[PDB]
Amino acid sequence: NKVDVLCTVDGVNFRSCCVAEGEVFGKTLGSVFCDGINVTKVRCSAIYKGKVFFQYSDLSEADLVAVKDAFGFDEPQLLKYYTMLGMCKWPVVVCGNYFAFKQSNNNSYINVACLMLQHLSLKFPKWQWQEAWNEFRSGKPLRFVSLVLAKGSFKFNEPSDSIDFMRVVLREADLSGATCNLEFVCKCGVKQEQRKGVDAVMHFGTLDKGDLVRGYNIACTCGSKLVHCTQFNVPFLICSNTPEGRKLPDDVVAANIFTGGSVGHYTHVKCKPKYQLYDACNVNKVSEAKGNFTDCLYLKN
């Protein structure tokens, strides 16, 4: 008469829990997700035998620590995560070696951020992020997207910045070994700095890796200051800038394009073969890479 299921808050530790058949799950379990669905108001049936129910109401102190360890979330973020998980049901389309999202709820910034991240080899210290990333790489990205949306300040159905999505992801990745050596030269003097982690693999102010290698000038109280990377030791590099209709720098693997003014629309181009242009779930071969580029990805090897 009772169905045996597994209860968890973190997907790491589980306890057996029983629910009477025909009874609404929330009555005994509180708010619950099962296989990515909010089943709080679903009536218990034998089809759910042995399945895993993620709880997120009435979290104890010990539960909150487990959630922080596995998700990196506090309670409001966790609730935002499950809200996002319930709402973000965007169809995913496979385009050769990559996947893309149908246009929906102003998700172009997510689409092109995910198209760029599909080039990267990343590992995540937090269990839920690593597991969602494995599903992401298998072509099931919605759980990973929901983590990112909850971790950041993103609002569902609102147009946003693809660089913020990528940065939220990269701050969760293990980038312990990534560094770059910078030198700065102006009339103020000469200083060195070694950037690490996300600060080593993301650079804002130019799209062209060659600008970093050669040096390029930024504003300074003395007039201008040369910024020069004397050594790269990163697996990849994302150079970002205010959208500009410049020529695509050499050696770029993929780039994000932002079209419009205050509110706009993202597209994405890959350069192997030159070129594949993505717009939502459409992909077309084109002979030139043009548009107002805003993020450029470089890869080692």
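Counting begins at 1, following the sequence as shown.
As stated in the PDB record, which stretch has the larger average Cα B-factor, 289 to 297 or 5 to 13?
Mean CA B-factor is higher for 289 to 297.
If you average the Cα B factors in the entry, which is higher, 91 to 99 or 67 to 75?
The entry gives the higher C-alpha B-factor average to 91 to 99.
Given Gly152, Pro159, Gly197, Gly223, identify the residue with the highest C-alpha B factor in the PDB entry.
Reading the PDB entry, the winner on C-alpha B-factor is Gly223.
Highest recorded C-alpha temperature factor, please, choosing from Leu237, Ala46, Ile257, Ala254.
Of the options given, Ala46 has the highest CA B-factor in the PDB entry.
Grab the CA temperature factor for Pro125 from the record and place it in the lowest, middle or highest third of its chain.
Middle third, going by the recorded CA B-factors of the chain.
Test of reading the entry: by CA B factor among the chain's modelled residues, which third contains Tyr275?
CA B-factor rank for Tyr275: highest third.
For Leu182, does the deposited CA B-factor place it in the lowest, middle or highest third of the chain?
Ranked within chain, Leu182 CA B lands in the middle tercile.
If you rank the chain by CA B-factor, which third does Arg167 end up in: lowest, middle or highest?
For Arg167, the deposited C-alpha B-factor lands in the lowest third.
Lowest, middle or highest third: where is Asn134 by Cα B-factor in its chain?
Middle third of the chain for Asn134's C-alpha B-factor.
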